[PDB]
Each structure stands twice: as C-alpha cells, then as structure tokens.
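Novice: Take this structure first; my questions come after.
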Amino acid sequence: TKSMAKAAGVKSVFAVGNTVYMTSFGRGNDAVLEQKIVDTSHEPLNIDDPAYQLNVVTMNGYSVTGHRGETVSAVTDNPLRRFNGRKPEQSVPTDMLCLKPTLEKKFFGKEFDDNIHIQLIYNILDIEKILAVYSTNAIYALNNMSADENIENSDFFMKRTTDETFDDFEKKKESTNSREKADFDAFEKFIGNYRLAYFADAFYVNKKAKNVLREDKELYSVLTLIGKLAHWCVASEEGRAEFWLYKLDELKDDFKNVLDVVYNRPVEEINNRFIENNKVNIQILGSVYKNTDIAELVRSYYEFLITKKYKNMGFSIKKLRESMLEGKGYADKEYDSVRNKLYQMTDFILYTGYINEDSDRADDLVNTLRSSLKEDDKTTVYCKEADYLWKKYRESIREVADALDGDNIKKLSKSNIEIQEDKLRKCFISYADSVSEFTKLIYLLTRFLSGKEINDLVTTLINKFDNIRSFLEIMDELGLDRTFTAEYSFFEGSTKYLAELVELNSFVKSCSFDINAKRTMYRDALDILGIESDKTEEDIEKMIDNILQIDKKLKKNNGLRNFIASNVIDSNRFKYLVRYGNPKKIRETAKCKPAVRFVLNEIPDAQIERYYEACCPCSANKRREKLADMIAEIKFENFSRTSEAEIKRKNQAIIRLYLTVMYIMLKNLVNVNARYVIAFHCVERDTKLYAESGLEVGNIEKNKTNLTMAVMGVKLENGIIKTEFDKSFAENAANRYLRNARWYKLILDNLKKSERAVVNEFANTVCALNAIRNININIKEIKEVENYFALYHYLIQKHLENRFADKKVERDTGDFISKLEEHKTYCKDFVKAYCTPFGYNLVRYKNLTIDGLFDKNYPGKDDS
RNA sequence: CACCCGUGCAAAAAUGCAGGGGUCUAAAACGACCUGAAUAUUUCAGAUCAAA
RNA sequence: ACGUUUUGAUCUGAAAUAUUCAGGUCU
Ligand SMILES: [Mg+2]
C-alpha cells in the first residue's frame, strides 16, 4: 500500500561518499534537497520553508516528521547500511544486478562513489522499457497491411536500417541476389498496397485539396525510420547502432527531410490556416469586444483554443457557464446546430474575464474551492458565482447568439481576412525546424497507433524526461560530475526535450484517414465479418464500386449491401480494428468461444447491458456467455420472413461489440508480447554490460541462455549442463539476485531441462511477433482461458510445437508438448523452461513466468 | 497479494513485528482544486441506414 | 410505382457519470 516516507515528504535518500543527502518534493516533480547527514550530525539545507524536520538521527534510521497534508512521521533507512546489516558498516550500495560501476563508466566518463548517478542510469535505460511496447504494436499494425491470410513469417520491417539511404535501396530493384530481390518485391507489394490510406497523416501529402501518395523517396523514408526504431527496441546492434535514438541528428538527408514534413503538415495546418479556419468565430468575437484590437484578440484566442497555456485556472468553466445558462433562454431546440460554436465563444468570453478584467475574482474563487466541507457547496459556489456573472455578460452573449443564426455564419464565412497580425506569430507552436529529431521521431511513431496510447507515449515521455531533468538539478546543484560521454550526449538537452514534448502533447490527435479510402475500407469490412463472395477478387471490387459509387451516393433500399457502408465503415471501433488487426484473418480468430468469452470479462457491465438488450429481446455471469456465443457465431447473408429478418437485426446490433472484442483481445496479446520484447532486449543489453564487467560470457545469438549461465558460473561441457549443484556457487554468482540458494536452485533445475533450439525459436517468435501475427491457427483448441498470460503462452507453445512437429527434440522438452496436448491450456512448467534466458534477473524471471505475478492490475498467488 | 534491504524478536535457518526501496519488475509519489487526452455508458438534439 | 409513422442501428454536437495516463496548483 502507501509508503509513509513519501507521504511525509521525503522524496529520495541520496548517498554520496560519506554523507547522506535527503530531498523533498518541489513544485511538481523537481527536487529540492533538505539536509545532508554525516553520521548523527545533520546539517539542514533549505532553512526557510522546510518540508520536514528530523527527529532521531541514528546510525541506521533517519526518523523524520513531515507537515505536508496530514502530519505523519516515518522512518527512512540509511543507504550506506544497505546490504551491511550483519557482519565497516558504511559503504555505497551497488545495484542488484551488480553492474553499477559498468553502467556509470558506460554513460558518464568514469566510476563514481554515489547512487545519484545510478538512479539516473535506470531512467535512461527505462525509456526502452516504455518505447518497446509502443514501437512493437506500431509495427504490428504495419505488418497487418500485407493481409496475407496465410502463415505469415516475413521480416520486412526489422530488416530495415537507416545505414542505407533510399537511392541505394533503389538499386535493389534489378538486383541479382535471391534474397535482396524479394525484399524490394516485398517493398513493391507495400507501396502498391491500398491500405496505406489508413495512415494518411504520415503517408499522404496535401496537394479543392486532392492529397495523394508520397514519393517512393519518402514512403521508404518512413518505413525504414519506423522499422529501425522497432529493431532498436528489440535487439542490441553493437556500435553506433545501439546508440541510435540518442543521436538522431546523424541521420541522412532523407530521413530528416521526412521528419521535417510529417511534423510540419499538422503544425502548419494549425498555424498557417488558423484565422481562415476560425474566420466564422473571430468575426463574432471582434463584434462583441470592439475596443481591443483584433490582432491581440486572435492571440489571446489562440492561447485559449489550441496552445492552452493559461486555460488551467483551478475552476471549471465548462461547469461554470452551465450553471450560468441553467434555465436561461439558450436551452432551446433551435440552438442545437449552434452550440458547437456558441458554447466555445461563451467559454472564451469568460476566459478573457478571468484574465483581463476581474482576475482578482479568480483567486478568490480558487481559495473558495479548497474548503469544501461537502460537495453540495460546490454546486452553489459556482451557481452563486454564476448568479453574479450572468448579470455581467447577458448582453454580450446575446450579441453572439443573434449573430449565430442559420445564415449569418454563411455570410461571415465568405469574408476576406485582412487581419495581418504579428503579435500572434510570436506565440505560434513552432515548426519542424526548431524542434528536435527525437520529438519528430516519436511524432511519427504516434502516427501509427491509437489515441488511448498516444496519450500514454507522450506522457510517459513527459515524465521520464522530467525525472531525468530533476536529477540533473541535484548532481549539478551538489557539484557532482554530470557530463555524459560525447557518443552519448543526448540528455544535456533534456531540459528542452521536456519542453518539446509538452508542446507535442498540446496538439497530437489520432492518425486521420483520408476521404478517398472508402472502397478499400469497405473491402476490409466483409472479411472481418465473413460475408465473402464467390466471385473473384478482381470481380468483387465492382460490387464495392456500385454500392459506394462516389463521396457516397448509395442506392435506395439495398439491404445489407449498404448497411455495412453506412454504419460500420464510418464507425469508431471499425477505424481502430482495420488499422490494427489483419483484415482477412480475424473472423476465424473470433470463432473460438472461450477466448472470446474471456475477453468480455473486462468489458464493462454497462457495456454488455447495452448489447444484451440489443440482442435478447439476467445475471452478468450468464449474461456474458449469452452473447459471447453470439460474437463467435455472427452470421450475415452471402454475396417465416419475421425470423429471418430479426436474426439480421440481432447480427447487426452486435456488430460494434464484435468489432471491439477482437480489438481488446488482439491488442492485449501484444501488450503481453511486449513484456518479452523488453526481456529479450534487456538480455542483449546486459550481455555487452556484463562482458565489460570482466565476466566471460560468450556468444548469445547461438544460445540465449548463455548469460544466465555465465552469471551463475554454470557452463555446458558436452552439449548439456554437467555442472550440478552445491552451496559454493550461490556465493560466487555475479548478481545479487542469484545469491540466495533456492532461487539459484530452481533456475538451475529449469535451465537443465530447456533445450537451446526451442529458445532460439522463442527468440524470433516474440521479436517478429509470429506468436500472434498468425493467431488463428495457433488458437484453434482452447479448453479454457482465464487470463491473457495463459492465452499468450498457448499461442506461443503451439507455435513451438507447430515447428517442432518433425524435428528431433529431447525428452525433457518433448514431455511438455505432450503436456500441452493432453490438456488444451498452456503448460505451466514449459513456460518457465524457455523463459530462463532472462532468469539471471530474478524478479523479471518470476514476474514473466507465473500469472498472478505477471500483471500490475491482476495480482494473484505465487508458485512455491 | 512478489523480489531485495534494514531494524526488533524466536531461533541456526528460517519465521514472526513494523519498516524502507527511482538505486526492485512495465511499476518511487497523500489528499482535493482543476487542465490536456480517450474509454465506456446514460440523457438530449441532429443527419444518414436497415427492417417492419 | 410513390410517401409514411415507429423500432433498431451507426455517426456528429452538447450535457451528466465513472475509469486511466500525465502536469498545473495547494495544504
Ligand atoms: Mg526503475
């Protein structure tokens, strides 16, 4: 649960050399430091405004007392006495991988004698553990635009590298090699693909406006640049290529020129056509003010609208105007085509209220709101304040409202601008020249993934570049060494990368479809749904032609031909699934009932009661299985009369829930796969780390378990392990995880029964995503799925035994395929056998092999 | 309902007590004023669509 | 042949709720 230290105000307890600093929470997540402690003699910094006083300063515990919030007193622990409790009891603590000195020399110049540096090293390593989950399912989406309906095992995107340009990859067209030629033919297949129009914000250039493809010069410049990033988050790539993203200024002329255009077209759409796109709105606001100048009006309207600097004021204007407009004249039925613009002009006029005129009323209001004894005062603090405020603005928003009828907005929208402002151009969100190549690269990463996880990419990169900056204002405040090595100096600019990415968070939206892609989006509807036609592929797009017949002039009374052109093309959930899953594969993925019936457990109770009532004319256990076997056998007509029409209505009303079960299932089986992408990156990362720590590891591309042996001193000698157990190995392991005997023991037990060859397949199964990229074959017999750890591993234990269906395997592994198939669930002992390569890191090894310990949200029970 | 660490206690190898951990995993950070983003419902208005 | 009235769907706009990620404040 809670930790009473950080509830008492102690941020972190740094230890340098002999003394022990101790920090606290600044404004936000920057660190002010409270007091150093040389032993039992504390010198307090930060004299005025203390965050906590210290009571009993022992040799081991630092009992503090804090007065932020309700005043709690907690005891912290001496970092110098860590690992030295029962033995001279004063030393700096190394990290539990016992790789702290190598990590310090590798990023900075030399070793150190603190732990302020190594808490910063584990936040520079950490932006691979949160960028391999958002760069894998952005390359899973691109691998499902092949639509191969087969065993898919290609390697197109991880083959890509920015070591070559386009013009020499162009020379692989007429190439002579039997594998280089196929890759350009794999590229010819991909630029001639029509499903690139799904990602039109990064593949289409605006040139009314008729946007078309990029050149082959630049489509290669996105697929390579998004392909190198996925290959960098899965593997080692010794040399400068390991330091790839940390020097993105080393890219060629092409890749900056594609980052400088994929970033400009949303930032020039929002600046170069701002007054044009708000011309109907600025002219209202000029008419209601008439005393300010319109050049600074569109400045303070721009800070209100999109930049959103000064919009946070501690009181919700979106609730404030509604207590103002409760029961007033603007709740009519006529204003409903106006409330898009009426409610944001009304909101803006209050925003200029609480800046220019009565800004002193706002601080009165915020201080009022922090004294809520109940909630009922809040609905009469605003309504009391709106009772004042409508007396001020009722003439003004009437002048707005009568100027917003059905035809004034037509005649206002046809005027010439002639506003010619340069006070506005100061506060523009800046273009692609004064923003870095990192921000432009993780911009282009957010052009391939959904809106729930743009907001988790470019806010966990707000946080990590702010928890790197805050350490660089402690060890720079304490005079410690800070200069990174010159081949790694990316993070001096983490003060401005925090400033670029906050600017990036202000305007990123989802990757917009284009208009002229209905015809290929409609084709990828009927094979999600299984409405296949017996005619050939070159003779069914004319069906797609004559139903759409362009944007939409669909025929009248055409039945299900134009049902699935009106609703399920323009629906939200379909736009998520066809950018994500394989189109012509995920109907027969949905045919397994117990995988589906699992997935709508964590689909909410208010969600299923919308669809149970849409299909049945009552308990949520048996309500869910009533329509889990309706999503599975969905049925549509091929390409009495009451029953055969009402079964269509119960198949057309489940079509949104079907289309979101196959999204949540087909996503969460690669958020689980990205746990093993992290692990197989953090094994090839620790190979070049432990090999420089004087630990003779050896090769790892032949055998992935070589690190977790060479950490624990065990070796093969004739093809298997004949170095069995005693006590003296556990004291000589090169890791603080493998010190204790039983955790050394059972990893040694599991390592002796895991062959080399099945791990090398499990290597390029989680990295090229082949466990789920052809999921429909691998899921065909489930007896029961209880959690996504089980559903992932049965999908990965079949893919082994699908390939080890002819090859010779030894008896220890060959038990597990029999244990896989005498049941139909996954084999809980086989799942720990090939998960060993990342078994040197014990807490990664336990949390990635037993469900219950796997998931943050779903805690369970250990194995023992 | 994890792993490591420290102190306290019984014991010889581990468990109890309360802790701490950004240097433990994907995972350091109370609470209540908001903001940005999207989830999912409900109500209203609207425009298409299917069927009766 | 041609218009209905309903029902059930999508979507867009507004409001209400709950969840999640992040930072803006404050004690
Ligand atoms: Mg960490």
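Chain labels A, B, ... are given in the sequence in which chains occur in the structure tokens; within each chain residues are numbered consecutively from 1, and ligands are likewise numbered from 1 in the order shown.
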Please identify all residues of chain A having at least one atom at most 6 Å from any atom of chain B, considering only C-alpha atoms (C1' of nucleotides), and return them as a list in words.
Specialist: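 Residues of chain A within 6 Å of chain B, counting only C-alpha atoms (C1' of nucleotides): residues 7, 76, 77, 82, 95, 115, 118, 119, 312, 314, 315, 336, 370, 452, 455, 563, 566, 606, 843, 844, 859 and 860 of chain A.
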Novice: Give me, as JSON lines, each residue of chain C that comes within 10 Å of chain A, together with its shortest interatomic pair and the distance in Å at one decimal, counting only C-alpha atoms (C1' of nucleotides), with rows ordered by chain and rising residue number.
Specialist:
{"residue": "C:8", "atom": "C1'", "partner": "A:649", "partner_atom": "CA", "distance": 7.2}
{"residue": "C:9", "atom": "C1'", "partner": "A:653", "partner_atom": "CA", "distance": 6.2}
{"residue": "C:10", "atom": "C1'", "partner": "A:567", "partner_atom": "CA", "distance": 4.1}
{"residue": "C:11", "atom": "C1'", "partner": "A:571", "partner_atom": "CA", "distance": 6.6}
{"residue": "C:13", "atom": "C1'", "partner": "A:340", "partner_atom": "CA", "distance": 6.1}
{"residue": "C:14", "atom": "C1'", "partner": "A:339", "partner_atom": "CA", "distance": 6.7}
{"residue": "C:15", "atom": "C1'", "partner": "A:322", "partner_atom": "CA", "distance": 8.8}
{"residue": "C:20", "atom": "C1'", "partner": "A:452", "partner_atom": "CA", "distance": 9.2}
{"residue": "C:21", "atom": "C1'", "partner": "A:456", "partner_atom": "CA", "distance": 5.6}
{"residue": "C:22", "atom": "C1'", "partner": "A:459", "partner_atom": "CA", "distance": 4.9}
{"residue": "C:23", "atom": "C1'", "partner": "A:28", "partner_atom": "CA", "distance": 7.4}
{"residue": "C:24", "atom": "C1'", "partner": "A:312", "partner_atom": "CA", "distance": 6.5}
{"residue": "C:25", "atom": "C1'", "partner": "A:314", "partner_atom": "CA", "distance": 7.4}
{"residue": "C:26", "atom": "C1'", "partner": "A:370", "partner_atom": "CA", "distance": 8.1}
{"residue": "C:27", "atom": "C1'", "partner": "A:69", "partner_atom": "CA", "distance": 5.3}
Novice: Go ahead and write the selection's residues with C-alpha atoms (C1' of nucleotides) as a PDB file, in the first residue's frame.
Specialist:
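selection08.pdb, freshly written:
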ATOM      1  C1'   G C   8     -33.164  -0.814 -34.141  1.00  0.00           C
ATOM      2  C1'   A C   9     -28.555   0.710 -35.612  1.00  0.00           C
ATOM      3  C1'   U C  10     -24.109   3.913 -36.755  1.00  0.00           C
ATOM      4  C1'   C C  11     -22.215   8.868 -36.528  1.00  0.00           C
ATOM      5  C1'   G C  13     -22.673  18.078 -31.432  1.00  0.00           C
ATOM      6  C1'   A C  14     -23.881  19.257 -26.171  1.00  0.00           C
ATOM      7  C1'   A C  15     -24.525  17.804 -21.051  1.00  0.00           C
ATOM      8  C1'   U C  20      -6.986   5.523 -16.848  1.00  0.00           C
ATOM      9  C1'   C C  21      -2.217   8.269 -18.134  1.00  0.00           C
ATOM     10  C1'   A C  22       0.304  12.851 -17.480  1.00  0.00           C
ATOM     11  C1'   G C  23       1.299  18.205 -15.142  1.00  0.00           C
ATOM     12  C1'   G C  24      -0.883  22.986 -13.327  1.00  0.00           C
ATOM     13  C1'   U C  25      -1.646  24.343  -8.253  1.00  0.00           C
ATOM     14  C1'   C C  26      -2.315  23.915  -2.748  1.00  0.00           C
ATOM     15  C1'   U C  27      -2.051  22.064   2.443  1.00  0.00           C
TER      16        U C  27
END
Novice: Within 9 Å of residue 335 (chain A), counting only C-alpha atoms (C1' of nucleotides), which residues qualify if same-chain residues fewer than 3 places away don't, as a list in words?
Specialist: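 Within the cut-off, the hits are residues 330, 331, 332, 338, 339, 342, 401, 404 and 405 of chain A.
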Novice: How would the residues just picked look written out with N, CA and C atoms as a JSON list (two decimals), in the first residue's frame?
Specialist:
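Contents of again_38.json, as written:
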[["chain", "number", "residue", "atom", "x", "y", "z"],
["A", 330, "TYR", "N", -31.23, 29.78, -23.66],
["A", 330, "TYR", "CA", -30.44, 29.11, -24.69],
["A", 330, "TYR", "C", -30.48, 27.61, -24.57],
["A", 331, "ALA", "N", -31.48, 27.08, -23.87],
["A", 331, "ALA", "CA", -31.69, 25.64, -23.81],
["A", 331, "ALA", "C", -32.68, 25.17, -24.86],
["A", 332, "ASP", "N", -32.90, 25.95, -25.91],
["A", 332, "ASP", "CA", -33.94, 25.61, -26.87],
["A", 332, "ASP", "C", -33.50, 24.49, -27.79],
["A", 338, "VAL", "N", -25.83, 25.21, -33.16],
["A", 338, "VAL", "CA", -25.06, 26.41, -32.92],
["A", 338, "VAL", "C", -24.11, 26.15, -31.76],
["A", 339, "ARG", "N", -24.51, 25.24, -30.86],
["A", 339, "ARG", "CA", -23.81, 25.01, -29.59],
["A", 339, "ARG", "C", -22.38, 24.52, -29.76],
["A", 342, "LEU", "N", -21.42, 28.32, -30.16],
["A", 342, "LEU", "CA", -21.92, 29.20, -29.11],
["A", 342, "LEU", "C", -21.27, 28.89, -27.78],
["A", 401, "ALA", "N", -25.32, 35.37, -29.84],
["A", 401, "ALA", "CA", -26.35, 34.39, -30.18],
["A", 401, "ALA", "C", -27.21, 34.81, -31.37],
["A", 404, "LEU", "N", -25.45, 34.26, -34.63],
["A", 404, "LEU", "CA", -25.18, 32.88, -34.98],
["A", 404, "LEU", "C", -26.43, 32.16, -35.45],
["A", 405, "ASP", "N", -27.24, 32.78, -36.29],
["A", 405, "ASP", "CA", -28.40, 32.06, -36.79],
["A", 405, "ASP", "C", -27.99, 31.23, -38.01]]
Novice: Residues contacting ligand 1 - anything with an atom at most 7 Å away, using only C-alpha atoms (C1' of nucleotides) and all ligand atoms - can you give me those as a list in words?
Specialist: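 Using only C-alpha atoms (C1' of nucleotides) and all ligand atoms, everything at most 7 Å from ligand 1 comes to residues 122, 123 and 126 of chain A; 22 of chain B.
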Novice: Could you give me the residues within region 331-542 of chain A that DSSP places in helix (DSSP H, G or I), as a VMD selection string?
Specialist: chain A and resid 334 to 337 339 to 357 359 to 369 378 to 380 382 to 401 408 to 412 437 to 445 460 to 469 494 to 505 518 to 529 537 to 539 541 to 542
Novice: Would you mind exporting C-alpha atoms of the selected residues as an mmCIF file, in the first residue's frame?
Specialist:
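Result written to selection_25.cif:
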data_model
loop_
_atom_site.group_PDB
_atom_site.id
_atom_site.type_symbol
_atom_site.label_atom_id
_atom_site.label_comp_id
_atom_site.auth_asym_id
_atom_site.auth_seq_id
_atom_site.Cartn_x
_atom_site.Cartn_y
_atom_site.Cartn_z
ATOM 1 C CA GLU A 334 -33.163 25.718 -32.221
ATOM 2 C CA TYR A 335 -29.695 26.395 -30.830
ATOM 3 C CA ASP A 336 -28.532 22.781 -31.188
ATOM 4 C CA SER A 337 -26.806 23.439 -34.510
ATOM 5 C CA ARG A 339 -23.808 25.009 -29.594
ATOM 6 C CA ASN A 340 -20.594 23.837 -31.241
ATOM 7 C CA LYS A 341 -19.639 27.484 -31.615
ATOM 8 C CA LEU A 342 -21.923 29.197 -29.112
ATOM 9 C CA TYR A 343 -20.540 27.262 -26.179
ATOM 10 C CA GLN A 344 -16.915 27.919 -27.015
ATOM 11 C CA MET A 345 -17.405 31.631 -27.600
ATOM 12 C CA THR A 346 -19.262 31.788 -24.294
ATOM 13 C CA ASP A 347 -16.395 29.873 -22.721
ATOM 14 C CA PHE A 348 -13.831 32.204 -24.287
ATOM 15 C CA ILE A 349 -15.545 35.369 -23.081
ATOM 16 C CA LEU A 350 -15.291 34.067 -19.534
ATOM 17 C CA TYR A 351 -11.649 33.225 -20.189
ATOM 18 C CA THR A 352 -10.958 36.846 -21.031
ATOM 19 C CA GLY A 353 -12.945 37.688 -17.924
ATOM 20 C CA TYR A 354 -10.644 35.769 -15.603
ATOM 21 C CA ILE A 355 -7.523 37.211 -17.207
ATOM 22 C CA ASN A 356 -8.033 40.846 -18.072
ATOM 23 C CA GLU A 357 -10.830 42.396 -16.023
ATOM 24 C CA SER A 359 -8.508 38.226 -12.476
ATOM 25 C CA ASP A 360 -8.640 39.086 -8.751
ATOM 26 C CA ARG A 361 -12.040 37.378 -8.577
ATOM 27 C CA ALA A 362 -10.470 34.136 -9.821
ATOM 28 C CA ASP A 363 -8.024 33.771 -6.929
ATOM 29 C CA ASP A 364 -10.969 34.445 -4.638
ATOM 30 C CA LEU A 365 -12.740 31.550 -6.349
ATOM 31 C CA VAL A 366 -9.893 29.020 -6.209
ATOM 32 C CA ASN A 367 -9.364 29.668 -2.499
ATOM 33 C CA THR A 368 -13.102 29.169 -2.005
ATOM 34 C CA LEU A 369 -12.992 25.738 -3.628
ATOM 35 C CA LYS A 378 -19.624 23.272 -4.950
ATOM 36 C CA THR A 379 -22.879 23.271 -6.830
ATOM 37 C CA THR A 380 -23.703 26.535 -5.043
ATOM 38 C CA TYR A 382 -20.357 28.089 -8.940
ATOM 39 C CA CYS A 383 -24.090 28.809 -9.026
ATOM 40 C CA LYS A 384 -23.553 31.626 -6.553
ATOM 41 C CA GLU A 385 -20.757 32.925 -8.750
ATOM 42 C CA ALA A 386 -22.738 32.411 -11.946
ATOM 43 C CA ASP A 387 -25.574 34.313 -10.257
ATOM 44 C CA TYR A 388 -23.229 37.275 -10.207
ATOM 45 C CA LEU A 389 -21.703 36.684 -13.573
ATOM 46 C CA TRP A 390 -24.742 36.380 -15.842
ATOM 47 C CA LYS A 391 -25.621 39.931 -14.810
ATOM 48 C CA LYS A 392 -22.348 40.965 -16.459
ATOM 49 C CA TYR A 393 -22.363 39.126 -19.785
ATOM 50 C CA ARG A 394 -26.022 38.632 -20.744
ATOM 51 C CA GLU A 395 -25.992 41.451 -23.280
ATOM 52 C CA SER A 396 -22.711 40.233 -24.737
ATOM 53 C CA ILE A 397 -23.590 36.599 -25.404
ATOM 54 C CA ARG A 398 -26.928 37.734 -26.779
ATOM 55 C CA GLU A 399 -24.923 39.702 -29.342
ATOM 56 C CA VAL A 400 -23.136 36.431 -30.047
ATOM 57 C CA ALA A 401 -26.347 34.391 -30.183
ATOM 58 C CA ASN A 408 -25.190 34.765 -40.740
ATOM 59 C CA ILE A 409 -22.499 32.120 -40.335
ATOM 60 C CA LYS A 410 -22.673 31.603 -44.093
ATOM 61 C CA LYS A 411 -22.154 35.264 -44.917
ATOM 62 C CA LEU A 412 -19.486 35.736 -42.260
ATOM 63 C CA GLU A 437 14.717 14.886 -34.340
ATOM 64 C CA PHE A 438 13.723 12.911 -31.277
ATOM 65 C CA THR A 439 10.392 14.697 -30.942
ATOM 66 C CA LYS A 440 9.832 14.386 -34.674
ATOM 67 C CA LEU A 441 10.623 10.670 -34.498
ATOM 68 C CA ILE A 442 8.232 9.897 -31.685
ATOM 69 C CA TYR A 443 5.822 12.152 -33.502
ATOM 70 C CA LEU A 444 5.930 9.767 -36.456
ATOM 71 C CA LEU A 445 5.563 6.904 -34.016
ATOM 72 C CA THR A 460 5.360 8.790 -20.112
ATOM 73 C CA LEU A 461 7.987 10.694 -22.077
ATOM 74 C CA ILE A 462 6.965 13.865 -20.321
ATOM 75 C CA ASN A 463 7.611 12.012 -17.094
ATOM 76 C CA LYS A 464 10.924 10.381 -17.940
ATOM 77 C CA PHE A 465 12.494 13.495 -19.357
ATOM 78 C CA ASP A 466 11.274 15.324 -16.258
ATOM 79 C CA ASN A 467 12.671 12.656 -13.949
ATOM 80 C CA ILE A 468 15.927 12.963 -15.801
ATOM 81 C CA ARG A 469 15.982 16.757 -15.572
ATOM 82 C CA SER A 494 16.596 17.001 -21.613
ATOM 83 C CA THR A 495 15.618 20.447 -20.381
ATOM 84 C CA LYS A 496 14.362 21.242 -23.872
ATOM 85 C CA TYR A 497 13.129 17.732 -24.694
ATOM 86 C CA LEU A 498 10.797 18.195 -21.780
ATOM 87 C CA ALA A 499 9.810 21.466 -23.441
ATOM 88 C CA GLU A 500 9.353 19.997 -26.911
ATOM 89 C CA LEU A 501 7.230 17.115 -25.705
ATOM 90 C CA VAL A 502 4.874 19.316 -23.697
ATOM 91 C CA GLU A 503 4.406 21.286 -26.912
ATOM 92 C CA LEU A 504 3.852 17.989 -28.714
ATOM 93 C CA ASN A 505 1.184 16.951 -26.229
ATOM 94 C CA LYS A 518 -13.873 4.103 -48.540
ATOM 95 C CA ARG A 519 -13.508 1.457 -51.239
ATOM 96 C CA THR A 520 -10.636 -0.387 -49.595
ATOM 97 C CA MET A 521 -12.042 0.133 -46.112
ATOM 98 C CA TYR A 522 -15.304 -1.426 -47.244
ATOM 99 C CA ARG A 523 -13.466 -4.439 -48.610
ATOM 100 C CA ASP A 524 -11.845 -4.861 -45.222
ATOM 101 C CA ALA A 525 -15.286 -4.963 -43.618
ATOM 102 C CA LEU A 526 -16.835 -8.007 -45.242
ATOM 103 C CA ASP A 527 -13.865 -10.240 -44.408
ATOM 104 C CA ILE A 528 -13.686 -9.066 -40.834
ATOM 105 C CA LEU A 529 -17.304 -10.161 -40.866
ATOM 106 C CA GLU A 537 -11.189 -10.526 -56.221
ATOM 107 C CA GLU A 538 -10.925 -8.581 -59.475
ATOM 108 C CA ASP A 539 -14.696 -9.018 -59.917
ATOM 109 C CA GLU A 541 -14.476 -4.550 -56.186
ATOM 110 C CA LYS A 542 -17.117 -3.656 -58.766
#
Novice: Report, in Å to a single decimal, how far apart CA of residue 783 (chain A) and CA of residue 629 (chain A) are.
Specialist: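 Separating CA of residue 629 (chain A) from CA of residue 783 (chain A) is a distance of 15.1 Å.
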Novice: What separation in Å, quoted to one decimal, exists between CA of residue 787 (chain A) and CA of residue 852 (chain A)?
Specialist: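 So the two atoms, CA of residue 787 (chain A) and CA of residue 852 (chain A), lie 9.1 Å apart.
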Novice: List the neighbours of residue 93 (chain A) out to 10 Å using only C-alpha atoms (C1' of nucleotides); skip same-chain residues closer than 4 positions along the sequence, and give me the result as a list in words.
Specialist: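 After dropping sequence-adjacent residues, the list is residues 15, 79, 80, 81, 82, 83, 84, 98, 100, 113, 114 and 115 of chain A; 23 of chain B.
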Novice: Just the selected residues (C-alpha atoms (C1' of nucleotides)), exported as a PDB file, in the first residue's frame, please.
Specialist:
ATOM      1  CA  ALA A  15      24.056   8.876  -0.550  1.00  0.00           C
ATOM      2  CA  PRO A  79      21.535   3.812   2.169  1.00  0.00           C
ATOM      3  CA  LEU A  80      25.047   3.312   3.443  1.00  0.00           C
ATOM      4  CA  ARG A  81      23.965   0.482   5.734  1.00  0.00           C
ATOM      5  CA  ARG A  82      22.145  -1.276   2.895  1.00  0.00           C
ATOM      6  CA  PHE A  83      23.471  -4.857   2.430  1.00  0.00           C
ATOM      7  CA  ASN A  84      25.649  -4.398   5.552  1.00  0.00           C
ATOM      8  CA  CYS A  98      25.943  -5.714  -9.539  1.00  0.00           C
ATOM      9  CA  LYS A 100      26.547  -0.227 -11.311  1.00  0.00           C
ATOM     10  CA  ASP A 113      31.025   6.743  -5.278  1.00  0.00           C
ATOM     11  CA  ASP A 114      27.347   7.679  -5.010  1.00  0.00           C
ATOM     12  CA  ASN A 115      23.945   6.429  -6.026  1.00  0.00           C
TER      13      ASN A 115
ATOM     14  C1'   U B  23      19.472   2.687  -6.924  1.00  0.00           C
TER      15        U B  23
END
Novice: Identify, with DSSP run on backbone atoms, the residues in region 66-268 of chain A assigned to strand (DSSP E), and express the list as a PyMOL selection string.
Specialist: chain A and resi 66+75-77+204-205+212-213
